[PDB]
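Chains as they are written, first to last, in UniProt numbering: chain S, 1133 to 1196, 1206 to 1216; chain P, 149 to 217, 237 to 1131; chain B, 149 to 217, 237 to 1131.
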């Protein structure tokens, strides 16, 4: 379900976006789009911009489980 | 379990957990219902706890309590060992890193450790009633009673204020909560002490019903207020079934122990779990023809998780600790080490990186060093509050206003922040400052009578939100004046997207709750048929299909798209865990060869070969390009690119420097020095080229208002309330534009049918049923373009010319058969590495992290660019100092070259100007420079933007790389 | 294949290869025969080659004749391609990491890359004859013909000397070699250009007979001079059979291509090989139930090598280079990293270590660094010769004499080494100088008319050898005067070991060439049975039997050592890669628990635990002990132990200090100071204990002549010509001895039957049939011992004392049951770590990597030892600085303790002093200090010495720990 309170942190992330679509719906349109989103896997790019990315501003922002490093596989 | 309500599906017991105080420190006070065996009274009512009750009936005979109620166990993993017969120390030490210390003859609960940094301390009275609840060492909660054994007041033990008000009545039951946020909810119980109606603070009401008698009934018919969640439950002993308000009947099959053995979906999906009568899974069957086999060892620990037709993970523990080894299916090892008091120690990363941690006398992290920089240091005061934090040398300082909330952040450059809270949390305002007396980028938030936001006051405008008493984002009002509503059907699913212009977007969901079918604004339609696992296999567009096909491993390996003709015939060779290393097509075949660690040292594209070498820490150095060319990279502290040297003796090395904030400031190789100056907010305002100057003056709406170029240039721009271009004057040529606040021209020269223009300044376009234009009649000129099934142009003719564009299996442009000659391109994953125009291999070098071009190497010579704050090359000079190439752009970007000595096809951001078509190609689309918008719709229907043809709001401070 | 030496088993082809000159740089000049197709002539006679001609036909068609006799061919793996059309560059690039760069218009080849640091440069004349050969950059070989097309002389282009002078005649065939050493071998051919008799330079001729006709003739009856190497060959269709002069016929069955399929033995062993119709093995069937299955991938590469009832290796190849990944059968994984041109880079080891390599501009290894020490460095000159080499800090200096031989070595201590040679190689003399005018330890060599060492000179004596023109060493003359002869039977196998006394040692061999039964000096017998696989399954001694067993893995599983009674009942259980950790028997059990990273963490010896931890680099630190005691180790540069701390706060840390040559020099913790100094040769001459002084004066024969101890001690020693102790001069207690120069006393009161004494100092000994003494009759004290089936003491009595010694699976003593009480031992590998005598645990700390005792912890206190150069303790002091324990060993180790507060059972080297029997025990045997030799024989029959009871030549400069 989605009957949960939406704090300011959950709204500031969707307000600064251009999709204007909730997450549970946005995660389905981008899922059924692998005809062009497929790229070179196994290597990390140096452009800090992925294929499902797009319009982005030029103003730099530096706004501020958390101390250790996440292992690849964890149950 | 957890279908619409936290009520369990194995039995009829009603379970629900509600939070009371959510402090930023990490203190959680949750209360559960536990309808079963709720005849007991623990001080809050019939069946009401606070997750702080952990009593023991005897001394140490497997007895413990909780809101969700040696001698090592095998089923639960608990091991409570005795320490002292005088004073009992049980030390439960549950399997999920829990800890509880019960005290005998006093009945106290000490040392509630839920991890490494999470502790809990209690303080009772002469009776069996606790009054103080501290987190680590500070009193954060103090409870009071009403001379009857019931908690009625709970403060923070720091300042006198009411936080939780438990209101009771004459039936020994609580009816009010009154949490810190101020949301009070009512309740209603039956004669048998069972809830039957729950009123939400917003106004929603959940009506509960029961089928059996006593304290072992079956909670069925749990419907909402306006028939929202019409849940229906049906039990048949060990089996259960639940149906939603949209006829979605799931069936679970349990056993005499209470495990999961079968879960049948209404569509037909089935799951099968197998055990070994030991309390651990052994076999996990999937709806498709695949099965996972687990393999345990002594004390379980799940030593193997082997998947069919694949590999294993091969977990590992030393004797009792946590994950210290993980053998990924690729074949890379990543070890770890832990001591006897937590405090994680050195751990090796995938390729070669190691991370060393260092703590103080307390249990807080102090230093975290990595290979070649990447060192973070924390500073803690006498309390448990963070003072300073350094990630790459910034040393951001924090400030507290004598409370547990942050009241300011100090930056090394001089920028000072200031937060403004209220009596509650939910920070209200945030403002930025600087060393000088000024202000910039001041935000403002506002809340309604509930705990939700109502309006956001941005320097751009003021956005408003309107909810429907359910927190579902019913309506959103833009600062201009338009509004967008949201319609939701049963189960709270978005259906309509009515805008303020008449058009509307529609969505359709199947029995599994997946989006299958979208109605566009112009009248398009889709199907989105999924398989029995959850992946799309047939897109079924109005005029084209894709026909996806996997390889029973979750990876795509074939894309046979076609609309009757022009078959694509794509193919992939994805291995177990990615690393396809093969992409074959009818035009170009790409191959890759990885190392033993996972380094990419081969980028063979067709007949050409590219290579790169790696260091011991994963850094890439000495990139060898084809045609006997090799570079050299040299890094510095904190892991950044510092020096780029070449192999030829007649090529000087390029050097860069960074500022304190961690951004490129100055760069020079032998005689060309570029310098950038920032104000503090993160925007370029001044740029020097050691001979040229550029300055930018912003307006009051955080937008570029005036640009001053020292080469006799002072251009001005004035936008509208939404930021669209309205007036622009380079020197004295004032232009006028107007839009309909949605990315469509509103002048008296165009005619938009539904969402696309049909004429612009005499030129008339013609769109097809797909959505892309194929004919464009200007001034006696006709251009007919034909497209494939992947929405890509292959041949544009009409102007006495024939061109053939041959792409690859990914979607990038590879071959251009034109009338002039043959041009070949070689990419670098996303960027354009080099090109060949049957005259010489000319390579390009961009910035280390962005798409802004820096230099071009050709004919054994280097030519350096002069890019503005946007990133578009406008000037190109040589090593001597004389200007070689120059151009200009007025409002959108047009070829205005005044001196042409070398072919310069570079454009705004990764684009390529066409000479026979006069369009731009960023990564996969075609943009019109003299129109402002594109010529086709992006693959993302609505999750990419509000308009399918709009490039950006204003082509001044907005970029759009990678095509879409 | 290749049963006989000049015989091929694929067909009747006669292949004979010979190396004429072997340069020390790596140059080799080989020549083959290739009797098949011997109707051609390449200038070196009919059917001969110089391994330096590789002609080719056309651009790249056929030919490419090798020394023996794209364009990618899989069956062989060749990449012969075309690089440029101007000059032909074929670049064969064969599969055996070879490469041959042929050139057109000159008819020659160069760039013969056989490895990484191996090349060959050719220079031909105007005709089809080569004149100069250079190794890397400088010429090394020069040809000289007789103006007729035949190689007559080969010079080194440096000094005018003859190296290989061929001799021809009127039949166009060489009749001589005249190699560098100076040996001449004759050759004779028949009328069809086929060799019929090969004459060796010693005189042993090999006759050859041919039974075929034409060019495909066969070769049978290839016998020797006096019927020593007779070989009968038979070819029936595709089957071949070969028999030696001992009735041992082996059979081979091949296919039509030439690959091996079936190989049988005349005893029952038979192997099987299967292919895949492409020249690659798929299944290998052994003479047992174990089979190996190979699994290839694209381009072969031999990915998997799965063995039956076991694990696989899983070889991983990234490109056409060498191996870059190895997976151990136990689970250990390791990787590598290669560049695009070789020059391997950092690679991780099995467990946790890395090795970083670094090369110079020429491509030679200049640095090889390991983690935390172990770094080797090389320093070369302008040429390709080594100048400096460092391993741990030695930094040796090599000196040359403008030749390819080193004639000087400089050490960082003062002493230098000087080598002396002659016209040829075979170094003549080696001398060791020093900083002062002296000469010590000078060796001299001498050779006979042939290239064999005739005598070896030593400051102790000269040892002569006699040869029988076959290089067999059938007579060895000792410096004393005795001689040992050898008797070689057919096929040159040693049979008898008769010495100059009369007692011999006979050997026996079965029909497979394995040793089966060795007759001892006294007349013992054995069988040495083997199975069909090759391992030993039954010892079959004349009295006892072991009957080893396996578990289908190649490791020992169960032992049945017992002569009918007293079953030992040993049993082990190995894993797929060793690590048994189950050393269990009927008396004791030992198990080892490892970590997750392949590191030992716990050693449970029946009921005790020790525990040990490791670091990230791999060193052992923080070794815990039972009874609440823990040690802490701390290393320094170059990976050496330098600090030892104790858990108790009242115990000071022990510190060590090494010298430049990496030897323990200074040892001190708080007030004790052991100081040792060397003279440069590697022998102790002086020792200080911060209050004491010991000096040793050697003689001219490199033996300890006089010993001066400052505590009123002055002793002298005089030995015989061999080294046996003859006279010991004390302050007036002078003793004299005498031996027969073989290890047995030869006094007037001794009696030896074959090799065991029967009377000494009025004591009689009575031995059993095995060989160890069982009865001892002294001066009124009769003693009787009992031995087990493994030649180990189990109980001794007769002197009114009965005790029991309990052993373990390895063979170490751990439990002593005597009249005093119960004594328990705790070992660490093969060294005694702790003892328990029911009055407190006593632990012993030795030197870092030797057996010399240093300290003892007991009764919560520490006591230090004072050991001499031998390693025997003589003084034990406390922390206060007073004399606590003192002793004195006169000639053999008999204690004369006059003051003893704490019992010190330590002895020469890892021996325990028994209070009941007065015998020492190192690890397996029992040494008698009153006699001077052991009381039983060692398991090694003849590979450990001539005398089975001798301990050492003289117990002043010789040690023998761990028993045998």
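Where a beta carbon is used, it is the ideal one built from N, C-alpha and C, also for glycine.
Helix, strand or coil at residue i [DSSP, three-state]
{"i": "residue 155/B", "result": "coil"}
{"i": "residue 715/P", "result": "strand"}
{"i": "residue 1157/S", "result": "helix"}
{"i": "residue 588/P", "result": "coil"}
Neighbour flag for residue i against chain P, beta carbons, 8 Å
{"i": "residue 504/B", "result": "yes"}
{"i": "residue 1150/S", "result": "yes"}
{"i": "residue 1145/S", "result": "no"}
{"i": "residue 1141/S", "result": "no"}
{"i": "residue 483/B", "result": "yes"}
{"i": "residue 762/B", "result": "yes"}
{"i": "residue 788/B", "result": "no"}
Chain B contact for residue i (CB, 8 Å cutoff)
{"i": "residue 783/P", "result": "yes"}
Residue-chain proximity (residue i, chain S), Cβ-Cβ < 8 Å
{"i": "residue 501/P", "result": "yes"}
{"i": "residue 359/P", "result": "no"}
Contact under 8 Å by Cβ, residue i with residue j
{"i": "residue 788/P", "j": "residue 800/P", "result": "yes"}
{"i": "residue 160/B", "j": "residue 402/B", "result": "yes"}
{"i": "residue 792/P", "j": "residue 1010/P", "result": "yes"}
{"i": "residue 1213/S", "j": "residue 501/P", "result": "yes"}
{"i": "residue 233/B", "j": "residue 519/B", "result": "This model leaves out residue 233/B; its place in chain B lies between 217 and 237, and no residues are given there."}
{"i": "residue 719/B", "j": "residue 457/B", "result": "yes"}
Reference residue i, options the options, closest by Cα
{"i": "residue 466/B", "options": "487/B, 393/B and 614/B", "result": "487/B"}
{"i": "residue 705/B", "options": "688/B, 690/B, 723/B and 582/B", "result": "723/B"}
In chain order, which continuous runs of the alpha helix (DSSP H) of length 4 or greater are located wholly inside the stretch 857 to 910 of chain P? none
Which full runs of the beta strand (DSSP E) of 3+ residues lie inside the stretch 1003 to 1069 of chain B, going along the chain? 1008 to 1013, 1020 to 1025, 1028 to 1034, 1040 to 1044 and 1050 to 1053
Which runs of the beta strand (DSSP E) spanning at least 3 residues fall entirely within the stretch 619 to 673 of chain B, listed in chain order? 620 to 624, 629 to 633, 642 to 644, 650 to 652, 654 to 656 and 660 to 663
What runs of the beta strand (DSSP E), each 3 residues or longer, lie entirely inside the stretch 480 to 545 of chain B? 492 to 494, 500 to 502, 521 to 526 and 532 to 537
Quick check on the DSSP output: what are the complete alpha helix (DSSP H) runs of length 4 or more inside the stretch 179 to 209 of chain P, in order along the chain? none
Write down every uninterrupted run of the beta strand (DSSP E) in the stretch 322 to 392 of chain B whose length is 3 residues or greater and which is fully enclosed by it, in chain order. Along the length of the stretch 322 to 392 of chain B, whole beta strand (DSSP E) runs at least 3 residues long occupy 354 to 356, 362 to 366 and 372 to 374, reported in chain order.
Could you give the uninterrupted runs of the beta strand (DSSP E) lying entirely in the stretch 557 to 611 of chain P, keeping only those of 3 residues or more? 563 to 567, 573 to 577, 584 to 587 and 596 to 599
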